[PDB]
Structure formats: C-alpha cells, structure tokens
$ cat entry-v5.cif   # mmCIF, C-alpha atoms and all ligand atoms
data_final
#
loop_
_atom_site.label_atom_id
_atom_site.label_comp_id
_atom_site.auth_asym_id
_atom_site.auth_seq_id
_atom_site.Cartn_x
_atom_site.Cartn_y
_atom_site.Cartn_z
CA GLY A 3 -24.36 11.67 9.58
CA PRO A 4 -20.57 11.45 9.22
CA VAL A 5 -18.49 14.60 8.84
CA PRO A 6 -17.00 14.89 5.33
CA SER A 7 -13.25 14.67 4.69
CA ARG A 8 -10.82 15.82 1.95
CA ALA A 9 -7.22 14.92 1.19
CA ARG A 10 -4.93 17.70 2.42
CA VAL A 11 -2.80 17.33 -0.72
CA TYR A 12 -3.33 16.49 -4.39
CA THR A 13 -6.99 17.11 -3.67
CA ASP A 14 -8.07 18.20 -7.15
CA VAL A 15 -5.58 16.38 -9.37
CA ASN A 16 -8.28 14.36 -11.15
CA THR A 17 -10.67 17.30 -11.12
CA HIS A 18 -8.41 19.11 -13.57
CA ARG A 19 -7.15 16.12 -15.54
CA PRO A 20 -8.99 15.41 -18.79
CA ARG A 21 -11.83 12.92 -18.26
CA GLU A 22 -10.06 10.14 -20.21
CA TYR A 23 -7.43 10.07 -17.45
CA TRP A 24 -9.68 8.84 -14.63
CA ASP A 25 -12.75 7.55 -16.48
CA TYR A 26 -11.40 3.98 -16.72
CA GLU A 27 -14.75 2.45 -17.70
CA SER A 28 -14.32 4.09 -21.11
CA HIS A 29 -10.74 2.92 -21.53
CA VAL A 30 -10.08 0.96 -24.72
CA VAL A 31 -7.37 -1.66 -24.27
CA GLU A 32 -4.54 -1.86 -26.80
CA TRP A 33 -3.88 -5.59 -27.13
CA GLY A 34 -0.45 -7.02 -27.89
CA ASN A 35 0.40 -10.43 -29.38
CA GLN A 36 -0.10 -13.27 -26.89
CA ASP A 37 2.28 -15.56 -28.81
CA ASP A 38 5.11 -13.17 -27.87
CA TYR A 39 5.11 -14.66 -24.36
CA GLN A 40 5.93 -18.19 -23.23
CA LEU A 41 5.00 -19.10 -19.64
CA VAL A 42 7.96 -20.66 -17.76
CA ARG A 43 6.75 -21.31 -14.23
CA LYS A 44 3.93 -20.35 -11.90
CA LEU A 45 5.06 -17.94 -9.19
CA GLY A 46 1.84 -17.54 -7.23
CA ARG A 47 -1.95 -17.50 -7.09
CA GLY A 48 -4.00 -14.82 -5.39
CA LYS A 49 -7.70 -14.11 -5.00
CA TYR A 50 -7.65 -12.13 -8.24
CA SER A 51 -4.81 -13.45 -10.38
CA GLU A 52 -2.16 -16.03 -11.17
CA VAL A 53 1.39 -14.84 -11.68
CA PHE A 54 3.96 -16.44 -13.95
CA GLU A 55 7.56 -16.05 -14.86
CA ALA A 56 7.68 -15.91 -18.64
CA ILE A 57 9.97 -15.12 -21.53
CA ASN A 58 9.36 -12.51 -24.21
CA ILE A 59 10.52 -14.42 -27.27
CA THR A 60 10.82 -11.25 -29.36
CA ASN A 61 13.85 -10.34 -27.21
CA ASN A 62 14.48 -13.48 -25.09
CA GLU A 63 14.02 -11.38 -21.97
CA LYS A 64 12.34 -12.44 -18.72
CA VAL A 65 8.98 -10.85 -18.00
CA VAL A 66 6.25 -11.38 -15.44
CA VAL A 67 2.78 -12.35 -16.62
CA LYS A 68 -0.24 -11.71 -14.47
CA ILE A 69 -3.31 -13.58 -15.71
CA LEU A 70 -6.38 -11.96 -14.19
CA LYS A 71 -9.12 -14.13 -12.74
CA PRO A 72 -12.63 -13.31 -13.99
CA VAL A 73 -13.97 -10.21 -12.22
CA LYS A 74 -15.85 -6.99 -13.14
CA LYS A 75 -14.75 -5.57 -16.50
CA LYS A 76 -14.50 -2.39 -14.43
CA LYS A 77 -11.98 -3.67 -11.86
CA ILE A 78 -9.92 -5.02 -14.74
CA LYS A 79 -10.04 -1.73 -16.67
CA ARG A 80 -9.37 0.17 -13.46
CA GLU A 81 -6.07 -1.63 -12.89
CA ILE A 82 -5.07 -1.37 -16.54
CA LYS A 83 -5.78 2.35 -16.72
CA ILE A 84 -3.99 3.02 -13.45
CA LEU A 85 -0.88 1.09 -14.59
CA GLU A 86 -0.81 3.04 -17.86
CA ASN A 87 -1.19 6.39 -16.05
CA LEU A 88 1.65 5.55 -13.65
CA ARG A 89 4.02 3.92 -16.14
CA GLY A 90 7.54 5.30 -15.90
CA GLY A 91 7.02 6.76 -12.43
CA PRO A 92 9.67 6.08 -9.74
CA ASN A 93 9.60 2.48 -8.47
CA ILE A 94 6.20 1.74 -10.04
CA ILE A 95 6.06 -1.71 -11.65
CA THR A 96 6.17 -1.18 -15.40
CA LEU A 97 3.33 -2.54 -17.51
CA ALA A 98 5.00 -3.67 -20.73
CA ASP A 99 2.05 -5.27 -22.56
CA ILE A 100 -1.51 -6.58 -22.33
CA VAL A 101 -2.62 -9.74 -24.10
CA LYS A 102 -5.72 -11.95 -24.20
CA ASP A 103 -4.96 -15.32 -22.65
CA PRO A 104 -6.64 -17.99 -24.81
CA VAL A 105 -7.22 -20.35 -21.87
CA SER A 106 -8.52 -18.07 -19.14
CA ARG A 107 -10.26 -15.83 -21.70
CA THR A 108 -9.13 -12.90 -19.52
CA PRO A 109 -6.41 -10.25 -19.84
CA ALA A 110 -2.83 -11.16 -19.01
CA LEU A 111 -0.77 -8.18 -17.89
CA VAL A 112 2.90 -8.33 -18.88
CA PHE A 113 5.39 -6.61 -16.56
CA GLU A 114 9.10 -5.88 -16.42
CA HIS A 115 10.90 -8.75 -14.72
CA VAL A 116 11.58 -8.28 -11.01
CA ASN A 117 14.03 -10.60 -9.24
CA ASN A 118 12.57 -10.87 -5.73
CA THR A 119 14.06 -11.62 -2.34
CA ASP A 120 11.21 -13.02 -0.20
CA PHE A 121 10.27 -10.41 2.41
CA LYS A 122 10.05 -12.83 5.37
CA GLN A 123 13.68 -13.75 4.73
CA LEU A 124 14.67 -10.30 3.51
CA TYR A 125 13.24 -8.56 6.60
CA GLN A 126 15.35 -10.86 8.77
CA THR A 127 18.60 -9.40 7.45
CA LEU A 128 17.84 -5.74 6.69
CA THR A 129 20.18 -3.30 8.39
CA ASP A 130 19.21 0.06 9.85
CA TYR A 131 20.53 1.67 6.67
CA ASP A 132 18.68 -0.83 4.43
CA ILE A 133 15.36 -0.05 6.11
CA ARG A 134 15.78 3.69 5.68
CA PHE A 135 16.87 3.26 2.06
CA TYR A 136 13.97 1.05 1.03
CA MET A 137 11.42 3.17 2.92
CA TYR A 138 12.60 6.19 0.96
CA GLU A 139 12.20 4.18 -2.26
CA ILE A 140 8.62 3.26 -1.32
CA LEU A 141 7.86 6.90 -0.52
CA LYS A 142 8.98 7.88 -4.04
CA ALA A 143 6.43 5.48 -5.49
CA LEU A 144 3.68 6.65 -3.13
CA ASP A 145 4.31 10.36 -3.62
CA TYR A 146 4.26 9.69 -7.35
CA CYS A 147 0.96 7.81 -7.47
CA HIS A 148 -0.68 10.19 -4.98
CA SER A 149 0.54 13.16 -7.08
CA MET A 150 -1.07 11.42 -10.02
CA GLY A 151 -4.41 11.16 -8.23
CA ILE A 152 -4.24 7.50 -7.27
CA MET A 153 -4.25 5.67 -3.96
CA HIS A 154 -2.79 2.14 -3.85
CA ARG A 155 -4.94 0.78 -0.97
CA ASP A 156 -2.99 -2.47 -0.58
CA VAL A 157 0.43 -1.44 0.66
CA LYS A 158 2.01 -4.47 2.40
CA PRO A 159 5.38 -6.29 2.29
CA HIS A 160 4.07 -8.78 -0.30
CA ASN A 161 3.37 -5.90 -2.71
CA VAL A 162 6.76 -4.28 -2.33
CA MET A 163 9.11 -6.29 -4.52
CA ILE A 164 12.79 -5.88 -3.73
CA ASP A 165 15.82 -6.96 -5.73
CA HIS A 166 18.29 -6.63 -2.86
CA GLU A 167 21.29 -7.33 -5.11
CA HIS A 168 20.74 -4.22 -7.23
CA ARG A 169 19.00 -2.25 -4.47
CA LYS A 170 15.94 -2.10 -6.72
CA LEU A 171 12.34 -1.83 -5.46
CA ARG A 172 8.95 -1.99 -7.20
CA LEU A 173 5.45 -1.34 -5.84
CA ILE A 174 3.19 -4.02 -7.40
CA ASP A 175 -0.43 -5.27 -7.58
CA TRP A 176 -2.39 -2.13 -8.40
CA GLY A 177 -5.54 -4.26 -8.54
CA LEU A 178 -7.09 -2.53 -5.52
CA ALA A 179 -5.87 0.97 -6.45
CA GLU A 180 -8.41 3.75 -7.06
CA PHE A 181 -8.63 7.30 -8.34
CA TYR A 182 -9.10 9.90 -5.61
CA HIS A 183 -12.04 12.25 -6.12
CA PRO A 184 -12.91 14.82 -3.41
CA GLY A 185 -16.01 13.76 -1.48
CA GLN A 186 -16.18 10.29 -3.01
CA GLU A 187 -17.10 7.40 -0.72
CA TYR A 188 -15.00 4.25 -1.11
CA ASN A 189 -15.28 0.57 -0.25
CA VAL A 190 -13.72 -0.08 3.16
CA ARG A 191 -13.01 -3.73 2.31
CA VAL A 192 -9.54 -3.03 0.95
CA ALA A 193 -5.99 -3.78 2.17
CA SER A 194 -4.79 -6.82 4.12
CA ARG A 195 -6.09 -7.06 7.72
CA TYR A 196 -2.82 -6.11 9.46
CA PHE A 197 -2.40 -3.04 7.26
CA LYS A 198 -5.98 -1.67 7.30
CA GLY A 199 -6.18 1.91 8.53
CA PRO A 200 -8.49 2.91 11.41
CA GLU A 201 -10.71 4.60 8.81
CA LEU A 202 -11.47 1.20 7.26
CA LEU A 203 -11.88 -0.46 10.64
CA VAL A 204 -14.47 2.07 11.79
CA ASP A 205 -16.23 2.05 8.40
CA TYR A 206 -15.40 5.64 7.42
CA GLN A 207 -15.70 5.68 3.62
CA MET A 208 -14.54 9.18 2.65
CA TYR A 209 -10.82 8.32 2.94
CA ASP A 210 -7.89 9.20 0.71
CA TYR A 211 -4.16 8.79 -0.07
CA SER A 212 -3.43 8.96 3.64
CA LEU A 213 -4.68 5.35 3.99
CA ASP A 214 -1.43 4.23 2.29
CA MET A 215 0.58 6.10 4.92
CA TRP A 216 -1.00 4.06 7.74
CA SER A 217 -0.13 0.85 5.89
CA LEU A 218 3.41 2.13 5.40
CA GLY A 219 3.60 2.85 9.11
CA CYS A 220 2.57 -0.74 9.86
CA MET A 221 5.34 -1.92 7.57
CA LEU A 222 7.85 0.38 9.28
CA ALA A 223 6.86 -0.82 12.75
CA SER A 224 7.26 -4.48 11.75
CA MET A 225 10.70 -3.73 10.31
CA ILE A 226 12.34 -1.59 13.01
CA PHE A 227 10.80 -3.62 15.89
CA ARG A 228 11.27 -7.01 14.18
CA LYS A 229 7.67 -8.08 14.71
CA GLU A 230 5.76 -9.01 11.56
CA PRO A 231 3.00 -8.14 11.45
CA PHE A 232 3.09 -5.46 14.13
CA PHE A 233 -0.66 -5.19 14.79
CA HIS A 234 -1.64 -8.87 14.73
CA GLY A 235 -5.43 -8.99 14.93
CA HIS A 236 -7.42 -12.19 14.56
CA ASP A 237 -10.22 -10.44 12.67
CA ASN A 238 -11.14 -6.86 11.73
CA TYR A 239 -12.62 -6.11 15.18
CA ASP A 240 -9.68 -7.43 17.14
CA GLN A 241 -7.49 -5.57 14.65
CA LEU A 242 -8.83 -2.25 15.94
CA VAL A 243 -8.47 -3.42 19.57
CA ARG A 244 -4.81 -4.29 18.90
CA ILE A 245 -4.28 -0.78 17.54
CA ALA A 246 -6.10 0.86 20.48
CA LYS A 247 -3.89 -1.04 22.95
CA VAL A 248 -0.96 0.95 21.51
CA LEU A 249 -2.47 4.29 20.42
CA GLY A 250 -4.94 4.31 23.30
CA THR A 251 -8.72 4.48 23.41
CA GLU A 252 -9.13 8.19 24.26
CA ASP A 253 -7.55 9.25 20.94
CA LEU A 254 -9.68 6.66 19.15
CA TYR A 255 -12.77 8.31 20.62
CA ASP A 256 -11.42 11.73 19.69
CA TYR A 257 -11.01 10.41 16.13
CA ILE A 258 -14.49 9.00 15.70
CA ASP A 259 -16.01 11.99 17.50
CA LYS A 260 -14.30 14.42 15.11
CA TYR A 261 -15.96 12.76 12.12
CA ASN A 262 -19.14 12.01 14.06
CA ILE A 263 -18.50 8.27 13.53
CA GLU A 264 -20.16 5.64 15.73
CA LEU A 265 -18.33 2.43 16.67
CA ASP A 266 -19.97 -0.92 16.01
CA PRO A 267 -21.64 -1.69 19.35
CA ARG A 268 -19.92 -5.08 19.30
CA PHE A 269 -16.84 -3.15 20.53
CA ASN A 270 -18.57 -2.39 23.86
CA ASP A 271 -17.54 -5.79 25.18
CA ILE A 272 -14.05 -6.04 23.72
CA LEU A 273 -12.51 -2.58 23.39
CA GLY A 274 -11.83 -1.67 27.02
CA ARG A 275 -9.86 1.37 28.21
CA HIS A 276 -6.22 1.79 27.15
CA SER A 277 -3.60 4.44 27.67
CA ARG A 278 -1.52 5.56 24.71
CA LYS A 279 1.90 3.85 24.90
CA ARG A 280 5.39 5.25 24.27
CA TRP A 281 7.13 3.56 21.36
CA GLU A 282 10.19 2.75 23.47
CA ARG A 283 8.38 -0.17 25.10
CA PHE A 284 8.71 -2.16 21.84
CA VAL A 285 12.49 -1.68 21.76
CA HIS A 286 14.67 -4.53 23.03
CA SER A 287 18.19 -5.86 22.68
CA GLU A 288 17.35 -7.71 19.46
CA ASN A 289 15.94 -4.73 17.54
CA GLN A 290 17.62 -1.69 19.14
CA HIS A 291 20.19 -1.37 16.32
CA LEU A 292 17.20 -0.63 14.04
CA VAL A 293 15.70 2.03 16.29
CA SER A 294 16.66 5.69 16.69
CA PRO A 295 14.80 8.75 17.92
CA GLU A 296 14.35 9.67 14.24
CA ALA A 297 12.78 6.29 13.47
CA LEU A 298 10.40 6.52 16.41
CA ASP A 299 9.33 10.06 15.60
CA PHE A 300 8.76 9.15 11.95
CA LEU A 301 6.75 6.07 12.92
CA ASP A 302 4.78 8.15 15.41
CA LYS A 303 3.86 10.61 12.67
CA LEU A 304 2.63 7.89 10.32
CA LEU A 305 0.54 5.91 12.78
CA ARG A 306 -2.19 8.45 13.62
CA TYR A 307 -5.87 7.49 13.99
CA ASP A 308 -6.85 10.70 12.22
CA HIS A 309 -6.05 10.14 8.53
CA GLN A 310 -5.79 13.95 8.18
CA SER A 311 -2.99 14.09 10.77
CA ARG A 312 -0.64 11.60 9.11
CA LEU A 313 2.48 12.66 7.23
CA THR A 314 1.96 12.90 3.50
CA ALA A 315 4.41 10.96 1.35
CA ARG A 316 6.25 14.16 0.48
CA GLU A 317 6.44 15.34 4.09
CA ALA A 318 7.68 11.89 5.02
CA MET A 319 10.58 12.27 2.56
CA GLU A 320 11.53 15.50 4.35
CA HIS A 321 11.85 13.68 7.69
CA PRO A 322 15.22 13.62 9.53
CA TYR A 323 15.02 9.79 9.50
CA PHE A 324 16.16 9.95 5.86
CA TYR A 325 19.06 12.35 6.41
CA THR A 326 21.54 9.44 6.51
CA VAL A 327 20.21 7.94 3.26
CA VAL A 328 22.52 8.70 0.33
CA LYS A 329 20.71 10.76 -2.28
CA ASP A 330 21.26 9.96 -5.94
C1 LIG A 401 0.12 -9.76 -7.96
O1 LIG A 401 0.26 -8.59 -8.76
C2 LIG A 401 1.52 -8.37 -9.36
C3 LIG A 401 2.60 -9.23 -9.20
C4 LIG A 401 3.81 -8.93 -9.84
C5 LIG A 401 5.03 -9.82 -9.70
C6 LIG A 401 5.05 -10.85 -8.84
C7 LIG A 401 6.30 -11.70 -8.77
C8 LIG A 401 7.46 -11.40 -9.70
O2 LIG A 401 6.36 -12.62 -7.99
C9 LIG A 401 3.93 -7.80 -10.64
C10 LIG A 401 2.86 -6.94 -10.81
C11 LIG A 401 1.65 -7.24 -10.17
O3 LIG A 401 0.56 -6.39 -10.33
#

$ encode --input "entry-v5.cif" --output "structure tokens"
Amino acid sequence: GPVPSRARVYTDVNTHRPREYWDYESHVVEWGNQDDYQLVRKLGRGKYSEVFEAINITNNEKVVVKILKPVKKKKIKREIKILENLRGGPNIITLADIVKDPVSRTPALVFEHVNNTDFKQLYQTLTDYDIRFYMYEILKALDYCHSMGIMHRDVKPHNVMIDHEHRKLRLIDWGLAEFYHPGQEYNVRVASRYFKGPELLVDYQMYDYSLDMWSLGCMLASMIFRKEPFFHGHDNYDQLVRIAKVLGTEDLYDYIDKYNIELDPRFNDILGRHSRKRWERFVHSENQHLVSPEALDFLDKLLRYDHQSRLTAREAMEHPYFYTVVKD
C-alpha cells in the first residue's frame, strides 16, 4: 500500500487540544437574531453558498452575510467550528454572528465587512513591493491556522480578499477547511483545479497543511510571472501534466515512488518525459520588475512535488524575499 505521511510541524496540535476543539460534530451553535441583519445586495453565488452585502441595524454597520446552501450538517458545523476556533487570528475573516435564515432554512454566517478589489484587476497593478507585502500577510493567516491545527484546502486568489486602499487582507471561505490529525486520510477532491497539489492529483490522501503551501506557490507564480493561472490544466489529469512539464517527470516519479504511489494508467499516453525547467524561462520584459533571485528561490521552495519538502508557513516568513517588506 501507500507509505504513511505526517506533517513536519504542528503535528499533534489537535491531539493535545481538548476534544471539544476539533470534534465539530458535537458543536452546539449559538444563534443570534436574524432580524439584526438586512440584506442589501447579492455579491455572489458559489456551489455551497450565496453571499450578500448587508447592514447590521443594531449599529448601522456593513457586514457580509453568507447563506449556506443545504449540505451535510457536518460540513456546516465544520466550517462554523473552524471559524470560531480561528476568530481573532491574523488576517482570518472574522465570524461576527450566526443566524437561521427563514427562507433558505439554513445557517447564515455573518462576517466583518471586507471592501474588495477584484483580484483579476488587482493583480494587473500590483507592484513588486505589493506582492511581497500581501504574500507575507497571507503567510500570517496560514501559519496561524496551521498552528491551530487547521488546513484551509482552498487557497486561491478568489479566497484572498484584499482592501488595497487600507492594505488589508482577509483569508475567506473556510468551507473546505479541515482539522489535521496525524495519519488521517482526507478527501482529495478539494481546492480549485489550478491550485490542487500533486498529492491530490495522484490521489494521495494522507496530506496535511503543506497542501496550502503548494496552492500559495501557484498564486505566487501567477503574480510574479503575470500568468493567471500559472498551471492551466483542462482537467485534473492535464493539470498534473502541466505541472510535470515544469517540475519534470523524473522528480514526479521520485515523489510517487517515495510514497509507493501508483499513477493512474491513463497517464501512460499523456504524461511523456520532461526535464525540470529553470524558473528564468518564465521571465520576460513584461514581468521582470516583479522577479528577483529571492522571488525565484522562494517560489522554487514552495512548488515541490513532495509535500514534505515544501517550506512551512513559518519558514516561508523567514525567507529573504520578505526582507524588504516593512515589519509592523
Ligand atoms: C464565500 O465565502 C466567504 C465569502 C466572504 C466575502 C465575500 C465578499 C465580501 O465578496 C467572506 C467569508 C466567506 O467564508
């Protein structure tokens, strides 16, 4: 069978927490007053929720209301419990309230307002300094949730909300997040296609926090090279081929051999043989002001096939790439 794996950090955080902390199925929801919130306009609809701008009429302040679509009581409690555990942590979206929506008959999560700048337009203007700054802010959120025993599992530009005016960032949509338990096998159908780690793409279930670091690397590559998304696969199989055309096939085989993983035989016809590439080939006159040896080395240390070889969030914050970022 497959060789087992463990997170190299924060391995036993939930092991030594009290059970109430991670046993979300037993969580009892404290409901607020739904009449406190007046929906103003619909902001978006996803597979699992609808999101509204609203006003809290007890203080006339803007809030965001996330009305959950019907799904397992468990997935709902999971998100709720994770948001409550992480509340107050650096750059984590703040759950302010939970109410029963009378129409959907589901929970509506109430969040602090976040004034977004759309990432497709935002990523067009970000300077070298901006990219470093906001990456550091994302790392704070990831080190925090990882240190608290939780992996996000859906890190992507859409879930990183940025108020560029006040240089404020929030990591949102914890609906796919999970508690890390050593030796636990997880569903590989998480994250958006372009941000799925190799572990998901080769069906290795015993993954951990380090999955988020691959996704972060994909975000970094799209930003400093001005190519979004960076690995642009047409499906989950082609997604792995796109990655192997950059990282090379021999290290992919080293990866799956280490964990005694077997590739889907459907790869026999499409994978081919590919050298590992140097990151400089993606640099050109239109993105070179965003690239430095520090950026390339940092990217290189995030985008590793072997989830155990990737930088942890904390190690990432130690990287010379962030030396120029002003510390508060
Ligand atoms: C889709 O999930 C979330 C969305 C938002 C805000 C979205 C906005 C302001 O467009 C906040 C928290 C969430 O969990």

$ closest_residue --input "entry-v5.cif" --among "A:55, A:22, A:282, A:32" --to "ligand LIG 401 (chain A)" --atoms "all atoms listed in the file"
A:55

$ residues_near_ligand --input "entry-v5.cif" --ligand "ligand LIG 401 (chain A)" --cutoff "6 Å" --atoms "all atoms listed in the file" --output "ChimeraX atom specification"
/A:45,66,116,174-176

$ residues_around --input "entry-v5.cif" --residues "residue A:4" --least-positions-apart "5" --cutoff "9 Å" --atoms "all atoms listed in the file" --output "PyMOL selection string"
chain A and resi 206+261-264

$ residues_near_point --input "entry-v5.cif" --point "(-2.3, 1.7, 11.7)" --cutoff "8 Å" --atoms "only C-alpha atoms" --output "list in words"
residues 197, 198, 199, 200, 216, 217, 219, 220, 233, 245, 305, 306 and 307 of chain A

$ closest_residue --input "entry-v5.cif" --among "A:221, A:98, A:293, A:137" --to "residue A:324" --atoms "only C-alpha atoms"
A:137

$ atom_distance --input "entry-v5.cif" --atom1 "atom CA of residue A:318" --atom2 "atom CA of residue A:240"
28.7 Å

$ residues_around --input "entry-v5.cif" --residues "residue A:156" --least-positions-apart "6" --cutoff "7 Å" --atoms "only C-alpha atoms" --output "list in words"
residues 178, 192, 193 and 194 of chain A

$ write_last_selection --input "entry-v5.cif" --atoms "C-alpha atoms" --output "PDB file, in the coordinates of the input"
ATOM      1  CA  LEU A 178      -7.090  -2.530  -5.520  1.00  0.00           C
ATOM      2  CA  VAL A 192      -9.540  -3.030   0.950  1.00  0.00           C
ATOM      3  CA  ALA A 193      -5.990  -3.780   2.170  1.00  0.00           C
ATOM      4  CA  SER A 194      -4.790  -6.820   4.120  1.00  0.00           C
TER       5      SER A 194
END

$ atom_distance --input "entry-v5.cif" --atom1 "atom CA of residue A:86" --atom2 "atom CA of residue A:104"
22.9 Å

$ atom_distance --input "entry-v5.cif" --atom1 "atom CA of residue A:81" --atom2 "atom CA of residue A:177"
5.1 Å

$ closest_residue --input "entry-v5.cif" --among "A:51, A:289, A:238, A:212" --to "residue A:106" --atoms "all atoms listed in the file"
A:51

$ residues_around --input "entry-v5.cif" --residues "residue A:101" --least-positions-apart "5" --cutoff "6 Å" --atoms "all atoms listed in the file" --output "VMD selection string"
chain A and resid 33 to 34 36 109 to 110

$ residues_near_point --input "entry-v5.cif" --point "(-7.7, -1.4, -23.1)" --cutoff "9 Å" --atoms "all atoms listed in the file" --output "PyMOL selection string"
chain A and resi 28-33+79+82-83+100

$ closest_residue --input "entry-v5.cif" --among "A:142, A:229, A:329, A:316" --to "residue A:91" --atoms "all atoms listed in the file"
A:142

$ residues_around --input "entry-v5.cif" --residues "stretch 59-63 of chain A" --least-positions-apart "3" --cutoff "10 Å" --atoms "only C-alpha atoms" --output "PyMOL selection string"
chain A and resi 37-40+56+114-115

$ axis_aligned_box --input "entry-v5.cif" --around "stretch 139-144 of chain A" --padding-each-side "8 Å" --output "JSON"
{"center_x": 7.9, "center_y": 5.6, "center_z": -3.0, "size_x": 24.5, "size_y": 20.6, "size_z": 21.0}
